[PDB]
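Data first, discussion second: the structure below is written as structure tokens.
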Amino acid sequence: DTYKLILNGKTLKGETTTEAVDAXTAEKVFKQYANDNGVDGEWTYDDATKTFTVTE
């Protein structure tokens, strides 16, 4: 399924999606993607929208 990541850095903001077999896989893509973007933060997931958010 399509999983989504909202990057809410202090100043750097964006979003990306990945196609993954499960939300394990998508998280362990996204938790690489945020750390390419230099956004270390706190992580939440919303299963209703299959969306991860990292907030700095």
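Residue numbers run from 1 in the order of the sequence given. For the numbers below, each heavy atom of this structure counts, side chains included, while hydrogens, waters and symmetry mates do not.
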Test side-chain contact (heavy atoms from CB on, under 4.5 Å) applied to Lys50 - qualifying residues, sequence neighbours left out: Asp1, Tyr3, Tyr45
Residues that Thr11 engages under side-chain contact (heavy atoms from CB on, under 4.5 Å), provided they are two or more places apart: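 So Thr11 forms no side-chain contact (heavy atoms from CB on, under 4.5 Å) with any residue.
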Nearest non-hydrogen partners of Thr51 and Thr49, listed with the distance: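 Heavy-atom minimum between the residues: OG1-O, 2.8 Å.
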Cluster check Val39, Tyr33: I/L/V/M/F/W/Y, side chain < 4.5 angstrom: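 Yes, same cluster.
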Common cluster, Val29/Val54, ILVMFWY with side-chain heavy-atom separation under 4.5 Å: yes
Could you check if a side-chain atom of [X] sits within less than 4.5 angstrom of a side-chain atom of [Y], using non-hydrogen atoms only?
X	Y	result
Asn37	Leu7	yes
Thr16	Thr18	no
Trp43	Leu5	yes

Verdict with reasoning, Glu27 to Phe52, per side chain to side chain contact (heavy atoms under 4.5 Å, CB included): CA-CA 8 Å; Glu27 182 196 13; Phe52 291 87; 3.5 Å; yes
Donor-acceptor pair, side chain of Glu56 and main chain of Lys10, under 3.5 angstrom: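 Yes, because the side chain of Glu56 sits within donor-acceptor range (under 3.5 Å) of the backbone of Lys10.
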Flag, side chain of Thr25 to backbone of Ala23, donor-acceptor distance under 3.5 Å: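 Checked: no pair found.
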Would you give the length of the straight line joining atom [atom1] of [X] to atom [atom2] of [Y], rounded to the nearest 0.5 angstrom?
X	Y	atom1	atom2	result
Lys28	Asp22	NZ	CG	10.0 Å
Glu42	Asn8	CD	CG	9.5 Å
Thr53	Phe30	OG1	CZ	10.0 Å

